[PDB]
Amino acid sequence: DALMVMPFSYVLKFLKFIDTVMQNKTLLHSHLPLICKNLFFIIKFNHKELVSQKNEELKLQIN
Amino acid sequence: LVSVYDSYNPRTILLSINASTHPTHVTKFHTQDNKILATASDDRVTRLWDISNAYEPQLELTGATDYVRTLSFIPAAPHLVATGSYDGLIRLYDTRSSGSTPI
Amino acid sequence: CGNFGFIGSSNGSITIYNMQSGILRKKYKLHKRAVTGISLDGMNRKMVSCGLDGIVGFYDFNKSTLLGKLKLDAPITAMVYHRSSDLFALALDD
Amino acid sequence: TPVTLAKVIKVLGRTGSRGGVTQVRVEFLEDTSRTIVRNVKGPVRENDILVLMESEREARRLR
Amino acid sequence: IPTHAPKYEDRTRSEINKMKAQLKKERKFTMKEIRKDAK
Amino acid sequence: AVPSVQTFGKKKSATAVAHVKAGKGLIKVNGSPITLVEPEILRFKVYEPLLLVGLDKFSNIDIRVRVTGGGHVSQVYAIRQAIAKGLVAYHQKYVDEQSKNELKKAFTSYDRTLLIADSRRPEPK
Amino acid sequence: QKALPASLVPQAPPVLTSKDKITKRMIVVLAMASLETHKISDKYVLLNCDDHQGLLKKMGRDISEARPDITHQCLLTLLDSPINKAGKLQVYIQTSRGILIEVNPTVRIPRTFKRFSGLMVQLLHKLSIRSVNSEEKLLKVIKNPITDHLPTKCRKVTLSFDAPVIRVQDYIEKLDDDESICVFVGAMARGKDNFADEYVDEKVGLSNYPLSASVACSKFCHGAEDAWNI
Amino acid sequence: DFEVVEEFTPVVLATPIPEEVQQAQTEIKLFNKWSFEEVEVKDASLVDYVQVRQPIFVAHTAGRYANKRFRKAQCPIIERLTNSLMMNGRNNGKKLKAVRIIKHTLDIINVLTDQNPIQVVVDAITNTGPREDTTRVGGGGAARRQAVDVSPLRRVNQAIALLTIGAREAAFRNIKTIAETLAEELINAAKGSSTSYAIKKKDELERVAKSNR
Amino acid sequence: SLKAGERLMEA
RNA sequence: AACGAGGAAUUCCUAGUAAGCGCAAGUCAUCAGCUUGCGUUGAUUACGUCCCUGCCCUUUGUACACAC
C-alpha cells in the first residue's frame, strides 16, 4: 500500500537510491530479498509510465 | 409593460417584460424569426427584445423625434425594420448595423 | 435453425416464411430478373442471393439492410454455400 | 484557463485521509503517459473521468 | 427610507386567566394525591 | 372451439386478469376501451407493449383485461404486466416460437417488469 | 436626445431585507459582539462592563470582553449614515455566543444606553421586536449561518489591521455591477482579528493606525457612498 | 434499389387508437413530442452519468435505483429531475404533481427557445455541475478549507439540487409558479448567462476553491 | 504520526 | 391583544425507508386527553472510511501443505 501511495517522482528517487545501494554492495547482500521485492513491485505497478518515459539516465540506471 | 403569454390560456402569464415607464403602444412579434419581439413606447424608442433574455433590450432603436406609434417588419429582409413616428418621417433601420441611426 | 424458409421467385422477390406456422414475414426486392440462388449464414447473420442479372447481393438478416451488391459478367445459374468456411460458389454462363 | 480531463485508474487504500476525501491516481487522457495523485470529494470508482483545474499540483494527505 | 420605533418594556381578563390557571394546577394536584392514596 | 389464454399481473395490492383470444383486434380494460385509462398521464405507461412490438400483432387478437384492488399507479402497472404476458403467451401457444422469442427479447430489452414482477420484500441487515 | 421618465415624483426606495437576494447592496456584520443576558435575584438584565464586576467576576469572564457600548455606537453611526437613508445596506449582529441577529434598515434605535439595554434583553429573550405601528419585525433573531442568509453573488472581507491598506472607493468601484459587498467588523473591545477566516475571502485594512470599530464602519460607508454617487 | 417489406395489409384495430399514438409507435418520444436522438452530452466525464441513451415515454419509470451505489447513475435524467422537484416538505410523495410540472416546463422551454427542451435540460446540468470544492481540515483548534476535486456522480447530484432549489426559492413568494420559474432557470443555466442560482452558486464554489488552493 | 508511505516519501 | 413555518442547543433516520393521506378495530396487561392494525402516494443522500469521538480484539502461526 505504501509503494502504491507514492507518486512517480518518488519512484525515480527510489531508483536512484537503489543505484546507490548497488554501489554500496555490502548493504545489497545484507538486505538482498527486501530490495528485490520492493523494486519488482514498483516496476510492475508503474511499468506503463516508466516505459513511456524517455531518459538515458533511466536507461543506464536500469542497466 | 408588455405581457406575453399563450393564447387559449389566460391563466398562465408566461412572461412579463417591463419596458419603459412611458406607455408602450405597439408591440409586434417578428415575422421571419420567432424569438424576437419589438415594441415601441411614448419613450420615443423602439426596443428589440429577445424573449429568452427578457431583462434587457437586445437592440435598442432610437433616432426618432416624437411619439413612435407604428412599426412594421419587411417580408424579404429579416433584419430591416420600418418605423412610423408621429412627425411623419418614416424611418428605415437595418438591425445588423449599429441601429442608433436610421439607414 | 429450421425456422425460416426463403423463396426466390422468377421476378426478383424474396419471401421469408416462418416454418412452424408457415406465415409470411418479409420480401426483398433487389433483383429484377429471376433469383437463382439464396443462402443464409450459419450464424443467421448474413444472407446471399444471386440472380440472372449477373448480380450477387449480400444482405444482413438480423438487421434488414443491404451490405453489398457485386455484379459479375455472365448470368448466374447456381449457388452452393459452404457455411463452415463461409465460401460460396456460383456457376456462371461464361 | 484550460481544464484537463484525467481518468481515475486506481483508488488508493490504507491511506489515512479525512472522512469524505478519497485519494486516487489518474492517467491523463489526451496524453496516455502521465499519472497524477489527486483527491476527490464524492463517490468515485475506477476507470472514470475527472476534471482538473490546476493540473500540475500533486496532492498530499489531509490528516 | 421610512423609519419606525420599536416596542419593549385588561384586569378582568387577567384575573380570569389567573383563576383558570389556579383551578387547573390545584385540580391536577388534588387528583394525583387522591390516586396516590388510593393505590 | 376458440384459441384463448389467461394471464395475471400484479403491483402491490392490484390484480389484473387478462384473456387474450383470437378475433378482430380490439382491446378493452374493465369494460372500457383501452383509450380511457384514467390516471391520464400514465396512459402511455399502459400503451408501452402495444407500441414496443407494433400494432399488427394486436390488430389480429382480442384482449380483455379487468383489474381490481390497489390504487391508481399500481393498477396501471398491473394492467401493463397482464397485457404483455398475455401477448407473449398467446404467441407461444397459438402462433410460433420464433415470434414468441423475439417478443420476449423486445419486452425484456426495454423493461423486464412487463414480464416478471419484482416483489419488494424486506431485507434485514 | 433622451426622454424624461413619466414619473418624476420622489418615491422611497424599497427596504432591503434578507428575503430579496438580487439587488446590489452592502452588508455589515458586527461580529463577536458581547450581548449576554443574566438573571439577578427578580429580573433579567444585559451584561455591561462598568457597573457590575463582582458578579461578572463570579461568572469569571473578562470585564474587558463584556462591552456592548461599542456595538451600540457602531449601530448608531451605521443606521444614521446616509447610505441607510438611501436604503443600500443592512446589518447583522453576530453575537460572541452564536446568535445571528438581522437588523432591518428601517429601525430607529433608542440612543440612551439604558433604553438600548432594555431593548436588547427584550430581543434576546422574546426573539422578535415589532414596530409601534405593528406590521413588521425590525430585529429578528435568525439561524446560523450568515452564508445561508446572504446574497448569492457577494464578496466577504474582514477588517484587519495587519492587512495592507487600500482605498475603499477603489475597492468598491473595482467590484462588479451586481457583486455585493459584506464587511466583517470586529466588535470586540480588544482581541485577535481571525474569527471569520472560514467565512471570508480576504482581509483588508484602512489605515496604518488602529481604529475604533465605529470609525472603521464610517470610513467604509463613506467611501461606499462616494463610489455610488450619493 | 433495395426495399424491405414487413407490412402487407393496413392495420386497423377495431378499437380506435389515435394517430399521434401510432406515430409514437413509429418513434418513441418523451411525452410523445421530444425525441432522444440528436441529444448529446456536450461535456465528457458525464457521458456515463447523465443518462439520455434509453428513450422513455413518461417520467414515471418505477424501478429500484436506490439499492446499489451507482444505480442512481443508471436512472434516466428526467426522472432524477422529477424526484428532486418533488423533494419538498408539502410535496413529499406527489410524483404525479411533479410529472405534470415537468411536462408544463418542457412546453414552456420549447415555446420560448425553439430548439429542444431535453437538450436545454442536459446542457443546464453539464453547465452547472461544479468542478472543484473545498473540505474543512480537522486542525484541532483551527480549521481552514483545503481544495479537492469532485467526482461526476457528485457533480450531477449537485447540479440537479441547485437547479430545483433555485427554482423553488425563485418562485417562493411571487405571482409566478414552479413551472414558469424552472423553465426560466433551465434556459438561463443552458445559456450560462450568469443570472441563475445554479451558475452563481457553482461559480462561488469554484472561486473559493481557486482562492485557497 | 505519518503513515507508512508518507514516512518513506519523506525519508 | 397574540400571531408571517419558529434561535441557541439537543435528538432521530439508509428503500416500499423518511414524509403525506385516510378507513377500521378497542381482544384478561396498556390504551379513550388515546392505543393498535390496514391500505394508499412515495423520494433526497451515504452504501466508503477508521482521519475525529468512542467501543472492542490480538500481540505464542499451531492449523497439516504452499507461500509469507
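Numbers in chain F track Swiss-Prot; the residues on display, in order, are 3-127.
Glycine residues also receive a Cβ, built from the backbone N, Cα and C atoms like all the rest.
The ubiquitin cross-link annotation in Swiss-Prot covers F:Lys30, F:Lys47, F:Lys59. Feature annotation from Swiss-Prot assigns phosphoserine to F:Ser34, F:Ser61, F:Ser76. According to Swiss-Prot, the feature phosphothreonine maps to F:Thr70, an assignment based on a large-scale study or a structure entry.
Within its own chain, F:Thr70 (phosphothreonine) has F:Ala16, F:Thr17 as residues 6 or more apart in sequence whose C-beta sits under 8 angstroms from its own. In terms of C-alpha distance, the listed recorded positions F:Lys47, F:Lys59, F:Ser61, F:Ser76 place F:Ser61 closest to F:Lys30 (ubiquitin cross-link). Under DSSP, the residue listed as 'phosphothreonine' is assigned to a strand (E or B) in the three-state scheme. Non-local contacts of F:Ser61 (phosphoserine) by the CB criterion (under 8 A, 6+ apart in sequence, same chain) comprise F:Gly27. Cα of F:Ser34 (phosphoserine) to Cα of F:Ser76 (phosphoserine): a distance of 18 Å. Rounded to a whole number, the C-alpha distance linking F:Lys47 (ubiquitin cross-link) with F:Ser76 (phosphoserine) is 11 angstrom. Cβ neighbour count within 10 Å across all protein chains ranks F:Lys47 highest among the recorded sites F:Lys30, F:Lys47. Across the structure, F:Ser76 (phosphoserine) and F:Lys59 (ubiquitin cross-link) place their CA atoms 26 angstrom apart. F:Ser76 (phosphoserine) counts 19 other C-beta atoms within 10 Å of its own C-beta, drawing on all protein chains shown.
For the recorded positions F:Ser34, F:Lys59, the ranking by surrounding Cβ atoms (within 10 Å, all protein chains) places F:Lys59 first. Those recorded positions from F:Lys30, F:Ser34, F:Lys47, F:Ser61, F:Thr70, F:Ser76 lying by chain H, with Cβ under 8 Å from one of its Cβ atoms, are F:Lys30, F:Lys47, F:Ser61.
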